[PDB]
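For reference, the structure discussed in these notes is given below.
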Amino acid sequence: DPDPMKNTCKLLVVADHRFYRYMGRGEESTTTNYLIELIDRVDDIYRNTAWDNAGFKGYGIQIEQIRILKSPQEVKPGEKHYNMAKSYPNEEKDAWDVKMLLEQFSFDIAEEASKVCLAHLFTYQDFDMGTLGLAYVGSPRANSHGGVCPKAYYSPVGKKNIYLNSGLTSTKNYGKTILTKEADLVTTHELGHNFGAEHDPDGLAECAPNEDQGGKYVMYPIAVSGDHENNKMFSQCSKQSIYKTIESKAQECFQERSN
Ligand SMILES: CC1(C)SCCN(S(=O)(=O)c2ccc(OCC#CCN)cc2)[C@H]1C(=O)NO
Ligand SMILES: [Zn+2]
């Protein structure tokens, strides 16, 4: 049975200056509200999911803390930060290499990451080949690094404890803002990774249904559009992975749903 005291993964949500400016129109209230609403809509998907196809449901996400970054992180030569104006490594391209950004983020945000189930970055940059987000995949293993629940690993190079309870979402793609319903999907998918799911096996009928059958599920390896009914749901494949991870990890860092 679910523990009503341990059914909610509380988030740190960060908006960088690219998100603030383009998505939030350079207004704290707009940015803040957009993200509060997005997460609440992603929460409705999670909370309503029955992970064992019976009564293991009511698991969700809520914002512990939001951080809004109004202007770029001023950076010295040879220096880098996830909120810096420059795209790393190629400063000519509009966007970072996504893996490097999540790594930079996890590194820069480490102190705050330690207090939360998950940290999520929201940005506004155009990643190569239509990439929209990235996140560490969670696991039932206590020893595991990645996904739900802060687990320190010492980094000799970074001179500190790091945490891999992190993920990112971008709302820009192919030169334009993506649909609202697409943004819900990216964050659902990336948090899906955090919660223990790998990508759906692409030839498996049950976990990758044909269009007549409702279309693909949200962990499909190629971005679903949101036009089809299955697109915002989790497959049995994802359910099984996430179920195990929640079973193990809820006790560790899940909290009570707040009003
Ligand atoms: C690391 C990856 C390049 S591997 C290939 C899939 N993507 S992605 O194209 O950026 C992507 C795909 C689907 C997503 O969510 C559903 C949606 C939508 C809106 N159309 C989000 C990102 C990344 C990946 O696996 N990230 O976890
Ligand atoms: Zn993915």
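In this analysis, Cβ positions are derived from the backbone assuming ideal geometry, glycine residues included, and neighbour counts consider all displayed protein chains. Readers should treat all values here as calculations from the given coordinates under stated rules, not as data from a laboratory.
What are the residues in region 22-61 that are polar (S, T, N, Q) and either part of a helix (DSSP H, G or I) or buried (at least 17 other Cβ atoms within 10 Å of the Cβ) (or both), if any?
Within region 22-61, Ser29, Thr30, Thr31, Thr32, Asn33, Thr49 meet the criteria.
So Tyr217 ticks every box in (1) within 8 Å of ligand 1 (Cβ to nearest atom); (2) in contact with a helix residue (DSSP H, G or I) (Cβ under 6 Å, 6 or more places away or on another chain) but one. Which box is left unticked?
It is condition (1) that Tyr217 fails.
Within region 148-170, is there a residue that is in a helix (DSSP H, G or I) and over 15 Å from the mean Cα position of the chain (by Cα)?
No.
With respect to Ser155, is the statement that it is in contact with a strand residue (DSSP E or B) (Cβ under 6 Å, 6 or more places away or on another chain) and either hydrophobic (A, V, I, L, M, F, W, C) or within 16 Å of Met23 (Cβ to Cβ) (or both) true?
No, not satisfied.
Kindly provide the set of residues from region 199-216 that are surrounded by 13 or more Cβ atoms within 10 Å (Cβ to Cβ) and either within 12 Å of ligand 2 (Cβ to nearest atom) or in a helix (DSSP H, G or I) (or both), ordered by number.
Result: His199, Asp200, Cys207, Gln213.
Kindly provide the set of residues from region 1-21 that are under 19 Å from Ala135 (Cα atoms) and either surrounded by fewer than 18 Cβ atoms within 10 Å (Cβ to Cβ) or not aliphatic (A, V, I, L, M) (or both), ordered by number.
Across region 1-21, the qualifying residues are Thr8, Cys9, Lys10, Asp16, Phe19.
Listed residues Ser225, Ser248; which is more than 14 Å from ligand 2 (Cβ to nearest atom), under 21 Å from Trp51 (Cβ atoms), among the hydroxyl-bearing types (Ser, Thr, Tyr) and surrounded by fewer than 21 Cβ atoms within 10 Å (Cβ to Cβ)?
Answer to the check: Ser248.
Quick check: anything in region 103-111 of a type in the set (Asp, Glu) and within 16 Å of ligand 1 (Cβ to nearest atom)?
Yes, region 103-111 has at least one match.
Just to verify a result, which residue in region 234-245, among those that are surrounded by 19 or more Cβ atoms within 10 Å (Cβ to Cβ) and away from ligand 2 (no atom under 15 Å from the Cβ), is nearest to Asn165 (Cα to Cα)?
The qualifying residue nearest to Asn165 (Cα to Cα) is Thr245.
Kindly indicate the residue of region 165-183 that is surrounded by fewer than 22 Cβ atoms within 10 Å (Cβ to Cβ) and not charged (D, E, K, R) and also farthest from ligand 1 (Cβ to nearest atom) among those meeting that condition.
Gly175
Tell me whether region 180-192 contains one or more residues that are within 16 Å of ligand 2 (Cβ to nearest atom) and over 17 Å from the mean Cα position of the chain (by Cα).
no
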